[PDB]
């Protein structure tokens, strides 16, 4: 790969770079520095490359095409950069040339071929329909792909990738005025989408995730009105009857229930309040560690429950001793017993945790402190098991996340959003320090690499840009430093955070950043030298 070759003023140079370097090298342009994106995705390049792609796509004879894979990838990479990079903006004559190229591939007699090589290029064409804002333009093709799909197509990884792209088109179409104006009249699309979701062959198969996506996009169609409305409703009713919320086909049932509940009236489908029933079915095990921790879980062994309770119990004691709490919570906090809700896998978490807890699940779990003053508030840590989580409980992120409950109830006044000063360094630093104690090789390593942060910088850390090195490793280092060298100061700070005096908290740690920077560096030096 040579990313600089894509920066030439000559469109032929750029075309040649696409063709010779191929898709794996074009990948770099999605992430490249702005200078490269601005030069690779000039309007003239997008237009000239699309025009070349049109001719090549017309000539395509099936069996895959490395060049067309790379060319369509490049075109939709341009729309990616145009979205995120304020210095990349297309003139109005770009997208019609791109639409012409997609048309050429769509109208090719080979468009519906079933093969992995064809799927590699077909995938990038289908995603370009979304990236280029052409969600309104290929609904008959979306419909054909939904109805043609079968067990033979489903054998091929890249055909699964490609046809799964039609759900990306449907989702992105919400922002496309022509799409929103026509989608509600697409009765054949609605029937094919519903019948795709109802394919019993998908259950337990490599394409189940596609059927679940189809059920979700079908439920989303209830937000539109038109001649397809009765078909959408009929097919959703069939999904809710054929499958169930916990059991065979529940990924499709729950996918559809998610969007139906949000965009339509749950009572038209008989699924109102399904989330609470679902909770009792999925989180069917209850194991009370103690008055301060209770586990609800899907499928843990007794040994795992015992291990989780004793690990948390050890951290709980270490926390209260280290933070000198006297086991007295902050005021206006009645989060007396943490509920630890553990699904059997990340897959299960992504399927069930969303509706049960009203959360996004594109993550590794989360602790929900809620509003600690409100009667009936429930503190919920939501998590899953994983093969490479910590023995012997094998609950992903358990030891770190558990400290957030303790820090929230005994150190930080109010709910999660109460602070009016930045506190990420403390929250994540204390979660790391209590859970890992002095065993943190990654923290030593980030000193050794010579790139560091001052205390001033650490205290300003935010989640924006998610610098995990800064947030977790340098947060840990500042916290550990303060506990080892200035514990009296930490106690002074906690007087303010425990009452919600965030301005006083800021003034307190502002003094630390002025006074202690050279000692912080000396302490880092000693830590590194100990390692050597």
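Residue numbers count along the first chain shown, from 1.
Enquirer: Would 307 to 315 or 265 to 273 have the larger average of its C-alpha temperature factors, as given in the entry?
Expert: Going by the record's values, the stretch with the higher mean is 265 to 273.
Enquirer: Which has higher Cα B-factors on average according to the PDB entry: 115 to 123 or 81 to 89?
Expert: That would be 81 to 89.
Enquirer: Comparing recorded Cα B-factors across 292, 427, 451, 454, which one is largest?
Expert: Checking the PDB record, the top C-alpha B-factor among 292, 427, 451, 454 is at 451.
Enquirer: According to the Cα B-factor stored in this entry, which of the following is highest: 417, 140, 194, 165?
Expert: When the deposited C-alpha B-factors of 417, 140, 194, 165 are compared, 417 is largest.
Enquirer: Quick check for you: using the entry's CA B-factors within this chain, is residue 388 in the lowest, middle or highest third?
Expert: Highest third, going by the recorded CA B-factors of the chain.
Enquirer: Mind checking which third residue 228 falls in for C-alpha B-factor across the chain?
Expert: It falls in the middle third of the chain.
Enquirer: What third of its chain's C-alpha B-factors does residue 503 belong to: lowest, middle or highest?
Expert: Residue 503: CA B-factor falls in the highest third of its chain.
Enquirer: Give the position of residue 35 by CA B-factor within its chain, expressed as the lowest, middle or highest third.
Expert: Its C-alpha B-factor belongs to the highest third of this chain's values.
Enquirer: Where does residue 48 sit by CA temperature factor within its chain: lowest, middle or highest third?
Expert: CA B-factor rank for residue 48: middle third.
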